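What follows is a single chain, given as structure tokens, in the form deposited in one PDB entry.
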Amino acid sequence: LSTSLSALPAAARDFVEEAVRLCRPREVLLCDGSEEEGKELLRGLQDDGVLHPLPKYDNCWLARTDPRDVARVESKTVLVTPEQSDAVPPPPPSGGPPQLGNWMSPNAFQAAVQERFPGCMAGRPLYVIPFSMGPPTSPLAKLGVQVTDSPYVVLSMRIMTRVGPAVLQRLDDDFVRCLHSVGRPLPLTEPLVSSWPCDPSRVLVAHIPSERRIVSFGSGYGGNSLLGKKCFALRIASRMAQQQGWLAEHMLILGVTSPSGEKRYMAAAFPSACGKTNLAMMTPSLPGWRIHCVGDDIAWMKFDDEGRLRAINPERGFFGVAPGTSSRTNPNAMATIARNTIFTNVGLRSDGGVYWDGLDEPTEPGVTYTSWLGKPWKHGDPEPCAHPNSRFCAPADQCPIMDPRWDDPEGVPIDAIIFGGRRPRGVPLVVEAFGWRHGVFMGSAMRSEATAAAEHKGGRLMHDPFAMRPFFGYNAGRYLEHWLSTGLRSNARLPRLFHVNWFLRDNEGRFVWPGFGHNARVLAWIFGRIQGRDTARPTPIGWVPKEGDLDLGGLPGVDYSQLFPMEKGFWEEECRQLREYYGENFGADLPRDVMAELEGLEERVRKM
């Protein structure tokens, strides 16, 4: 932290000064990303009562938030473009709410800003965060400057991005302008809940691609406040990617090593809270196999001149869902979060440790709990001890399984792309596409039960094409056409496309597939298919593994038949819904090739 801004280059200084003019902070501080800075930020937050120490561990901290500020708010997230059609497909003719992004005009946006931001930082410091996405480096690392009035956001940005001296030395005219405020100028007129500043009814997370700008107001929660992450690395970047010949995707990246010692890399698009983190740092239940983590959330991908799809992880940390994490489900996450980690909305134990449903950290008898509400909690209570969307925020270099190449500027070559979401019935454990166009169709057709990561009724089955529904930075029809065109790249070594489902439910009423480390059995088959092994049989929906080429050894309770349902009625209904969905939400912006693939599916279904 410093009061000198002189280290900022001209363009960055200009942006900071106009943000200072608008918001009227009490003082202005440049962040340097240092250890001493981190300590001073931690102390200040403990004073404010925002952070609580966790003495059981090494430099770990707990925040509790206002119950209204616990997740992303998709209905208050907008794309600001001169023309609506650049942001979103035609508004649904039946008049329902848009499902592929919310357009806001530049004029509506300017008005919205003038109603929220003037004097919003009164009595608060404005922190200047120069940051880099990817090694700074690299390239193609992309740099940004985030201003914020929240020390919590500063600390989280320091974990999740590179901040900020090697960043300062590279920073020029070329950068994202990220403006954030929790939107609670001092003095307060009404009290905070859990010392957590936020303005729920006034929340606005805006993206202005043509200005290389993000403007976020009223929320301190991760997806709304860590502007390099979803806002920049997905929304702004996907628009940049489309015009520059690359891809910015909601995808984990991992390395798989086979018993033969062969290593391949795979990307996987799952919706939020649908298994990316647990897969990316999985400990395989097949000991002849090895997994390495590259990233758990965002992938930037570009074909090299070898025609290979190269992927980097632009992030520096993990912002992972805590509930469910244990030495059974994710022992690699357990090792990662043991030190230098900020927890949000998890339980506090009387022994100075943390708690959530699933955690199996050895605890003494008579240990008591306080919930994310900050109130005493007991095994048996109506609600969970930890919020369903509670988080850990930990630096990636503390993961014991990081791929030797995880911060390699060149990227890793991708041989498989995997789509998947939560589907309780009908959709098999694993399917391989018949080819590129078909796999793009499968991606577009993705549906997944809503989770606690945003404002949707948990359990509601929702379309989520490419797991990108909340994160499109431009017209989703054009995004599909971009994916189609990508596969037409001359001499491209295309990855194979797959669709998985970890979440089929049995009768009754558990999960059919044990998942977690056992997902290595699926990845093994996928790797086999990459190697070109004759291990698949065709179905109306794509290739599936032959029974006997999918390793179910040591899973006596698990039946192949339940993993691979193939019911005509289900798929007839699915086609009907897809037809309805595309028509309402994509309209004329739906690529012909996607409709052609739907017609292909309906035709294969006719044969059943």
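So that the term is clear: the rigid core is the largest set of C-alpha atoms that superpose within 1.5 Å between two forms. Just count from 1 along the sequence shown to find any residue number.
Beyond what is shown, the protein has a form deposited in another entry; the following relates to that form.
Fit the core first: which of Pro404, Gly366, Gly119, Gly509 then shifts its CA by 2 Å or more between this form and the one not shown?
Correct option: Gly509.
Flag for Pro82, CA shift 2 Å or larger between this form and the one not shown after aligning core
No, its C-alpha moves less than 2 Å.
So with the core overlaid, does the Cα of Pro565 end up 2 Å or more away between this form and the one not shown?
True for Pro565: a C-alpha shift of 2 Å or more.
Taking the rigid core as reference, does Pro424 move its C-alpha 2 Å or further between this form and the one not shown?
Yes, shifts by 2 Å or more.
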